[PDB]
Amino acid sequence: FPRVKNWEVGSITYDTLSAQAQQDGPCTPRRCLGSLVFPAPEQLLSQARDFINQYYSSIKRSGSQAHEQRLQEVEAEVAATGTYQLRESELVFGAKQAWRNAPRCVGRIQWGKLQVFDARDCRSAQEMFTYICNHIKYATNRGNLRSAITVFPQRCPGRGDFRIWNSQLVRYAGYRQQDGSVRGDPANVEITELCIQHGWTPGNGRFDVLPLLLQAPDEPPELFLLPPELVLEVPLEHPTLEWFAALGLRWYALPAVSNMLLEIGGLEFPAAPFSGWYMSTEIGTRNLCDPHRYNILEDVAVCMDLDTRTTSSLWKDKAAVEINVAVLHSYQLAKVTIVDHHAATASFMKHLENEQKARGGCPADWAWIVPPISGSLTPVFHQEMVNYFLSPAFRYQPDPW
């Protein structure tokens, strides 16, 4: 059992939970690959068997009547159908566990507070769109954001997958330019090209909300415009740098990851978008300052009259700090939930302590938990972590195209 040390405090714990790591990651004793971004009824049976055990442990009825009844039921159903169906409570628990188990989520103190919308009866792309709008509207909640997931029909034999082609419910267009560059968000060049290819009349701003490409089984993807009044955005201003609002920068309220696969007891839900609220560094640092994203850092530093001709002035660090300040201030001003990296990392530390008592550890991806600015200023920096894959889980999956 890996011994884990907190270097800021001296704390020591052992991650007994890591021994239950089912699926396997990319590292070997020869070489660590932790920093990489992207790391049969019998086996369906034992995954299902394991999850059902989990579910019944969680309701304090392990080994009971209902427990072994469900095991037999599930085995029987897999024998007769090659698959099985989750009960609603099992689904709700499975979706919460998936979040709980997500090693790159610093917001997992909230894992228990998750609104699960059962959309497993969804029938078409059009019903899928309606479910998604209700998700966005519920989650956005006029700026007082609520964590939610909508679970669309599971992968099953004989039929294609429901898929959301968009990587998030809210993304901004990225238009490749005349002069080879990108107007708007460069992370979204491909999906934007796809949207046009599927009949979207493009805009040409930098914060053009993308339409949804929604794929029903054995269907081509279908284009759906989000109603503007459903997409709550936050124009970005700075509490003190008044020229900051003249940048015309905006970000949207709702972070809803929509391209990931939800895995519960061997069952696969290729379409299950989930949403929480942002940590300010995702917007302030990554989305806006990443060289390959909005890349505003030099424009901000020049405006701030920093000396951008030498690195030792720390103009990058200073412009980024203020960009994060603007994000926090703007979202607070707009009354849209947001958590700064100091609050978030502190609550994640409480999550780690809660998880150690409850489960004997917690899967955590240090490189993803430590915020991209001010890393060692947050407590998670000095906390060793064990990264491993627990199921239920959100997993990456290839793009549908």
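So that the term is clear: the rigid core is the largest set of C-alpha atoms that superpose within 1.5 Å between two forms. Note that residue numbering follows the sequence shown and begins at 1.
- Two stretches, 172-180 and 276-284, are weighed by how far their CA atoms sit from the shown form in 8 other deposited structures of this protein after rigid core superposition; the farther one is 172-180.
- The stretch that strays farther, by root mean square C-alpha distance over structures and residues in 8 other deposited structures of this protein after a rigid core fit, is 15-23, when 389-397 is set against 15-23.
- Across the other compared structures of the same protein with both neighbouring residues present, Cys362 carries coordinates in every case, with no third of them leaving it out.
- Across the other entries compared, none leave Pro371 without coordinates where the residues on each side are present, so it is far from a third.
- According to the entry, the deposited sequence has 10 or more residues without coordinates between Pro39 and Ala40.
- According to the PDB record, 156-164 carries the higher mean C-alpha B-factor of the two stretches 247-255 and 156-164.
- In this entry, 307-315 shows the higher mean Cα temperature factor of the pair 307-315 and 141-149.
- Within the group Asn295, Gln115, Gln177, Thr281, the record's highest C-alpha temperature factor is found at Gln177.
- Across the residues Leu328, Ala173, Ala76, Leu230, the deposited record lists the maximum Cα B factor for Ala76.
- When the modelled residues of the chain are ordered by C-alpha B-factor, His351 sits in the middle third.
- When the CA B factors of the chain's modelled residues are split into thirds, the value for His135 lands in the lowest one.
- When all modelled residues of the chain are sorted by CA temperature factor, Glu237 is found within the middle third.
- Among all modelled residues in this chain, the alpha-carbon of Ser374 has a temperature factor (C-alpha) in the lowest third.
- Among the modelled residues of its chain, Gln43 has a C-alpha B-factor that falls in the highest third according to the deposited record.
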